[PDB]
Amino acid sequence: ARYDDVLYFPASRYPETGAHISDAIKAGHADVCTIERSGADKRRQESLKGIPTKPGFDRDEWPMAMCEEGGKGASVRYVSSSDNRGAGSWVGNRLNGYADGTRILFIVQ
């Protein structure tokens, strides 16, 4: 199998994050997150290298840094901080029901 469970991303609540994820998947970035939480700092170092900060915005990454698929090569987009921080908290809580190694297909479309 390709994935273990599916997650329908809450695009109505966090539309800017959702739009990024949708576009990134249509650009060939992985739609499955193989959860690997320990590596997330190293993966952010890699994905964000050389990308300046912008006020009012966070640098959103897809694939996410908490996934094996993240890090080097990830799509990065400036997303309003409230949208991105809300999405981040939502995802961390929702995925807290799944052990590391679980493969989650994200669907936004």
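Residue positions are given as counts along the sequence shown, with the first one as 1.
Determine, for stretches 43 to 51 and 30 to 38, which one has the higher mean CA B-factor as deposited. That would be 43 to 51.
When the Cα temperature factors in the entry are averaged, is it 18 to 26 or 82 to 90 that ends up higher? Result: 82 to 90.
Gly101 - Cα temperature factor, lowest/middle/highest third of chain: Within its chain, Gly101 is a lowest-third residue by C-alpha B-factor, going by the deposited values.
By the record's CA B-factor, is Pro63 among the lowest, middle or highest third of residues in the chain? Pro63: CA B-factor falls in the lowest third of its chain.
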